[PDB]
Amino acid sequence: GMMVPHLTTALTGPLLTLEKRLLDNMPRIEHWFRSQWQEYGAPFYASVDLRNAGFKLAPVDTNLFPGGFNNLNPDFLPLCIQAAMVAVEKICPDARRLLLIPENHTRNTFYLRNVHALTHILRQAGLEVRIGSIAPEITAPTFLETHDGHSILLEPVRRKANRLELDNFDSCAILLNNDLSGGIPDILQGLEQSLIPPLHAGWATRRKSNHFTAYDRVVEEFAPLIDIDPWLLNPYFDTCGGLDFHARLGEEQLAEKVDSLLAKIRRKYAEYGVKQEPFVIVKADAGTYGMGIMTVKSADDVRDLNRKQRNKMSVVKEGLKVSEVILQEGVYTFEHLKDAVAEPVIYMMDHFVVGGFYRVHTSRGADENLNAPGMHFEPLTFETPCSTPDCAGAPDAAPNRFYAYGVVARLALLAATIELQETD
């Protein structure tokens, strides 16, 4: 009776091939993941955005600071609690107390609901948890309403002798729910307490293309394990160095790389009988200053950019802050909830899939199967577990689709784990 998203494409052969390979190799796959986690560990928590194109199933974002805990299905709270307990035992085994640092947002009601939901899980895992703000406008204990009969209490972090403290509260470890993409503040540097994840100065200006290389390496091992075309799991990408988007010196360089990537995508689209237009996501990385993103369908789309596009791709008015441009094969999503495009987000704690939700696009044009939704979505909670495949059933039965989602999400998790280890 509960309506769920369905694919609006009949071209699903590659997805079903992937599902068949996973369901014919299920114990081999799970044994392989266990070998990987013995070598690498896993983060405390994470979320991975996927897109199901019917001809491809690929991760498109990995977040080590997930902010949608309030969107999880409450029937799965016990599974989350148990996984959070495992994470505590691996990452901070002796912890009694945990300081949670949120994003600096105090006016997003949904973000505050996430904080409440996350805090609840961590308390049920047996930790004493308090919320320590690093927002400069929080100067005293501040109660913020979630507009649902509850509130959260934000307290300003105080640094004393290489430790962060709150009123009568000295934690063992510090959990970041703030991605620090603007740079690790000096107040969080050189502390005695461990940060989770353990970020160090340099984090925010790291070479972000290493994320895509790390996922390539994971897929290069996994794809032959199950005998699948690695392209079914992995978008192509390329990079170039920093460019000045207020000049045209870098124009031909960029255009040539767009053309070459589009050509690679076209070869695969021909192989698999795909009729949609190839597209490329152009990501201008300006480190602490942010990132500018645009999508293109031809090399001409990066030539002679207009004023607004130049400003977007430069990221800020300060000159030449872009240090790398990443070009990635765009992946379609053909999942729809009635007229709305939907795309899934898979949640993990330690190396276990705990659930997730769909982002159901609020916009409604012909190109919502291409456009990234950003903040323009409403969540729709998952109805099916990801850890209960039916190996003899239909390959695209719901539990088998969700098993496949959980496999690709765990590949992306492993890649992020490897990447983070290699920043030291």
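Note that residue numbering begins at 1 and tracks the sequence as displayed.
A.B. asks: Would you mind comparing 190-198 and 346-354 for me and telling me which has the higher average C-alpha temperature factor in the entry?
C.D. replies: So the stretch with the higher mean C-alpha B-factor is 190-198.
A.B. asks: Mean CA B-factor: is it higher for 248-256 or for 327-335?
C.D. replies: Between 248-256 and 327-335, it is 248-256.
A.B. asks: Given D238, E89, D216, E128, identify the residue with the highest C-alpha B factor in the PDB entry.
C.D. replies: Highest C-alpha B-factor among the listed options: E89.
A.B. asks: Name the residue from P230, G292, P278, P78 with the greatest C-alpha temperature factor listed in the entry.
C.D. replies: When the deposited C-alpha B-factors of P230, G292, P278, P78 are compared, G292 is largest.
A.B. asks: Going by the recorded CA B-factors, say which third of the chain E383 sits in, lowest, middle or highest.
C.D. replies: For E383, the deposited C-alpha B-factor lands in the highest third.
A.B. asks: Based on the entry's values, in what third of the chain does the Cα temperature factor of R359 lie: lowest, middle or highest?
C.D. replies: Its C-alpha B-factor, which the entry lists for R359, ranks in the lowest third among residues of this chain.
A.B. asks: Per the entry's values, where does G41 land by CA temperature factor relative to the rest of its chain, in the lowest, middle or highest third?
C.D. replies: It falls in the top third of the chain.
A.B. asks: Taking the chain's C-alpha temperature factors as the reference, tell me which third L305 falls into: lowest, middle or highest.
C.D. replies: Answer is highest: the recorded C-alpha B-factor places it there.
A.B. asks: When the modelled residues of the chain are sorted by Cα temperature factor, does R34 land in the lowest, middle or highest third?
C.D. replies: Within its chain, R34 is a middle-third residue by C-alpha B-factor, going by the deposited values.
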